[PDB]
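K.L.:
Protein chains in written order, with the working numbering: chain W, 547 to 793; chain B, 547 to 793. The C-beta atom is built at its ideal place from N, Cα and C for all residues, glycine as well. Handing you this structure, nothing more for now.
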C-alpha cells in the first residue's frame, strides 16, 4: 500500500559533464513513477541542468530550504521560490547541516512549516549519535526529534521521514536491516500516537546511512522501511540497481 | 582611475516571471562592461535563468559559497562547482549570513580562500553594528574584520570590498556620504598597510548600506567609494539609474 521512495542525495558533488553521464545511465532504467518514487537531489546550481537531463519519470528536489520566506536573507532559497520553479521536494534536517551549520530541531520545524505552506514535499531527516546509542537513548532522541515537527504534517503522502544513524553516514557501518527496522517501527508508533494510525500507516519512513547495491534488498524487505536516502552510492551508475531493489 | 562596480544583490527574492521582466529592463541600458562592472546576484536556483536572460555585458554571481570543497556537505555549493559553471562572482560575509547563520570571520577567510583557489571573484562584506559604533569601535571592528581575510588577496581586481554599516540598517539612524567616505578611506589604509600602496589604490571598495536612486550619486562621488552593493533597490527597473550614477 505504501509507495516506495528511492532518493539520491548527491550532496556537494558533480560537474556538468559528470551529471550528463550519470543522468544518462539513470534514464536507461524504465520504471513506473505511479508505482515507485525516485527522487534526485542535485546541488542547487545544478538543479536546472539535472531536471532537463533526467527523464520525466524521475522526481527532483533540492538539498535544503530556508526557514524564512522571501526577503532579505542573502544566500537562502525560500520555499516560495522553490514552488515557483516547480521544485517538488526538499531535504530538511540532514545530519551534515545539523553538524556543520548547527541547524536545530527548531530550524527543522520552521523549514517544514514553510515547505508545507508552499505545497512542497519534504524529506525530513533525524537520528542519534554513536554516543547517544551506547547510552541507550536512541528512542528518547528520535522521539524528541520527530516531536519537534510532526504536528505540522497535513498530508502523510507529502512528508517523508529519514532515519539516519549518524554513525552510519559515509562510514560503511550501515545499521543491520533488523537494527533499522526496530527504529522504523518505533518511529511509526510515534507518528501513530501523535497523528493517527491511518496517518502512520501511509507515511514513508526511509533508511539513510551507507546504503549500497549489496545491502539495499535486505533493508527494503523490512516491513517498516519504505526506501532509502542514498548518499555516496547515488553518485554511481549502479544506483539503478538500488532503485531496482524497490521494484 | 579604479573601475567602478555596481552589484545587484537580489537576496531571497524573485519569480521566473519577475526576473524575465526585470532582466529585460536591465538589458535596455547601454553601458560598456570594460568601463564599468555590473554584477547581478540571483538566488542559486535562479542563476541559470538569470544568466540566460541577461546580456553578456552583465556579470553574474551567487550570494554565498561553501568553505568546504566537494564532498559530503549537504546543501552547500562548492567553489569548484561554481568554477565548472563559470559563475564569475561570489558574495562572502554578508551580514545576513553573519547574523542569521552565525558566519564568522574565520568562515569568511576560508570562503575567500576557496573562491580564489578556484578563480572566482569575491565580493567580501563587513561592517559594524549600532552598539559597536556607539562605543566608538567602528575602526577597530572594521580593522579586525578586514584583517581576517585581506592577506589572501592575490589579485586586486578580483576581490571587491563592501562596507555594510549595520548601525544604519533597521535602527533609526542614517548614514551619510561623509560617514561612509571616512570608513572607506580607513579600509583603504588597512589594505595599504597590509598589502601595499599600489594594491590599495587598485582595489574596489563599495558602499553597502541602503542605496537608492536618490542617494547613489552623492555616495559614488566620494573619493574612496567605488560603487555599491544594492539590495532592495536592485529589484526595480529604476536600478538602471543607480547604474547610470557610476557610468
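Please identify, using Cβ separations under 8 Å, the residues of the stretch 550–574 of chain W that lie next to chain B, in order along the chain.
P.N.:
The residues in question are 555, 557, 558, 559, 560, 561 and 562.
K.L.:
Contact criterion: CB-CB distance below 8 Å. Does residue 642 (chain B) meet it with respect to chain W?
P.N.:
Yes, contact with chain W.
K.L.:
Using Cβ-Cβ distances below 8 Å, what residues of the stretch 585–613 of chain W are close to chain B?
P.N.:
Those residues of the stretch 585–613 of chain W that come within reach of chain B (Cβ to Cβ, closer than 8 Å) are 589, 590, 591, 592, 593, 594, 595, 608, 609, 610 and 612.
K.L.:
Of all the CB atoms in chain B, is at least one closer than 8 Å to the CB of residue 628 (chain W)?
P.N.:
Yes, residue 628 (chain W) counts as interfacial toward chain B.
K.L.:
On the DSSP bridge list, what partners appear for residue 517 (chain B)?
P.N.:
A query on residue 517 (chain B) cannot be resolved here, the shown segment of chain B reaching from 547 to 793 and no further.
K.L.:
In its own chain, which residues sit with a C-beta less than 6 Å from the C-beta of residue 603 (chain W), not counting the 5 before and 5 after it?
P.N.:
Cβ neighbours of residue 603 (chain W) beyond the five flanking positions: 579.
K.L.:
Can you tell me where the alpha helix (DSSP H) with residue 562 (chain W) in it begins and where it stops?
P.N.:
Looking at the DSSP string, the run of the alpha helix (DSSP H) that includes residue 562 (chain W) is 562–573.
K.L.:
When we look at the beta-carbon of residue 592 (chain W) and count the other beta-carbons within 10 Å, is it buried (16 or more) or exposed?
P.N.:
Under this definition residue 592 (chain W) is a buried residue.
K.L.:
For the beta strand (DSSP E) containing residue 606 (chain B), name the first residue and the last one.
P.N.:
First-last of the beta strand (DSSP E) with residue 606 (chain B): 605–608.
K.L.:
Ordered along the chain, which non-local residues of its own chain (more than five positions away) have a Cβ less than 8 Å from that of residue 716 (chain W)?
P.N.:
Closer than 8 Å at Cβ, skipping near neighbours: 756, 777 and 778.
K.L.:
Using three-state DSSP, classify residue 619 (chain B) as helix, strand or coil.
P.N.:
Looking at residue 619 (chain B) - three-state DSSP - the assignment turns out to be coil, as it is neither helix nor strand.
K.L.:
Taking the straight line between their C-alpha atoms, what separation do you get for residue 682 (chain W) and residue 712 (chain W)?
P.N.:
The alpha-carbon atoms of residue 682 (chain W) and residue 712 (chain W) are separated by roughly 15 Å.
K.L.:
Determine, using beta carbons only, whether residue 706 (chain B) comes closer than 8 Å to chain W.
P.N.:
Chain W contact via Cβ: absent.
K.L.:
What's the gap between the Cα of residue 677 (chain B) and the Cα of residue 687 (chain B)?
P.N.:
Whole-angstrom Cα-Cα distance: 11 Å.
K.L.:
When you compare each of W:672, W:739 and W:766 to residue 643 (chain W) by their alpha carbons, which one comes out closest?
P.N.:
Considering only alpha carbons, the answer is W:672.
K.L.:
In three-state terms, what does DSSP make of residue 751 (chain B)?
P.N.:
In this structure, residue 751 (chain B) counts as strand in the three-state DSSP scheme.
K.L.:
Residue 726 (chain B) lies in the alpha helix (DSSP H); which residues open and close that run?
P.N.:
It spans 723–741 - the alpha helix (DSSP H) in which residue 726 (chain B) sits, taken as one unbroken run.
K.L.:
Residues bridged to residue 583 (chain B) by DSSP?
P.N.:
In the DSSP output, where bridge partners are listed per residue, residue 583 (chain B) has B:551.
K.L.:
For residue 623 (chain W), decide whether its Cβ has a neighbour in chain B, counting only Cβ atoms nearer than 8 Å.
P.N.:
Cβ-Cβ to chain B under 8 Å: yes for residue 623 (chain W).
K.L.:
Any heavy atom of the ligand SAM closer than 7 Å to the Cβ of residue 637 (chain B)?
P.N.:
This structure lacks the ligand SAM, and indeed carries no ligand of any kind.
K.L.:
Using a Cβ cut-off of 8 Å (strictly closer), state whether residue 799 (chain W) contacts chain B.
P.N.:
Because residue 799 (chain W) is not part of the residues shown, which for chain W are 547 to 793, the question remains open.
K.L.:
Going by other Cβ atoms of all chains shown within 10 Å of its Cβ, with 16 needed for buried, is residue 661 (chain B) buried or exposed?
P.N.:
It is buried - the Cβ of residue 661 (chain B) has at least 16 other Cβ atoms within 10 Å.
K.L.:
Return helix, strand or coil for residue 662 (chain B), following the three-state DSSP convention.
P.N.:
In the structure shown, residue 662 (chain B) sits in a helix (DSSP, three-state: H, G or I).
K.L.:
Would you please verify whether the beta carbon of residue 688 (chain W) is less than 8 Å from any beta carbon of chain B?
P.N.:
Taking Cβ atoms only, chain B never reaches closer than 8 Å to residue 688 (chain W), which makes this a no.
K.L.:
What residue range is occupied by the uninterrupted beta strand (DSSP E) comprising residue 776 (chain W)?
P.N.:
Segment 773–776, the beta strand (DSSP E) holding residue 776 (chain W).
K.L.:
Please list the terminal residues of the continuous alpha helix (DSSP H) segment that includes residue 786 (chain W).
P.N.:
Counting along the chain, the alpha helix (DSSP H) containing residue 786 (chain W) begins and ends at 785–791.
K.L.:
Would you please state the rounded distance, in angstroms, between the beta carbons of residue 583 (chain W) and residue 552 (chain W)? I believe it to be under 8 Å.
P.N.:
The Cβ separation is near 7 Å, so the contact holds.
K.L.:
Report the rounded CA-to-CA distance for residue 572 (chain B) versus residue 606 (chain B), giving the unit in angstroms.
P.N.:
The alpha-carbon atoms of residue 572 (chain B) and residue 606 (chain B) are separated by roughly 13 Å.
K.L.:
Whole angstroms is fine: what's the gap from residue 649 (chain W)'s alpha carbon to residue 692 (chain W)'s?
P.N.:
Computed Cα separation, rounded: 15 Å.
K.L.:
Relative to the alpha-carbon of residue 632 (chain W), which residue among W:667, W:639, W:566 and W:674 has its alpha-carbon at the smallest distance?
P.N.:
The shortest C-alpha separation from residue 632 (chain W) is found at W:667.
K.L.:
Against chain B, does residue 699 (chain W) count as a neighbour if the rule is that its beta carbon must be under 8 Å from one of theirs?
P.N.:
Taking Cβ atoms only, chain B never reaches closer than 8 Å to residue 699 (chain W), which makes this a no.
K.L.:
Cutting at 7 Å between CB atoms, please list the residues of its own chain near residue 734 (chain B), excluding the five before and the five after it.
P.N.:
These residues qualify, in order along the chain: 746, 751 and 770.
K.L.:
Do residue 609 (chain B) and residue 637 (chain B) have their CB atoms nearer than 8 Å?
P.N.:
In this structure, residue 637 (chain B) lies closer than 8 Å to residue 609 (chain B) by Cβ.
K.L.:
Going by CA-CA distance only, name the one from W:707, W:725 and W:634 that's closest to residue 550 (chain W).
P.N.:
Closest by alpha carbon: W:707.
K.L.:
What does a CB cutoff of less than 8 Å around residue 565 (chain B) pick up in its chain, not counting 5 residues either side in sequence?
P.N.:
Correct list, in chain order: 588, 592, 595, 596 and 599.
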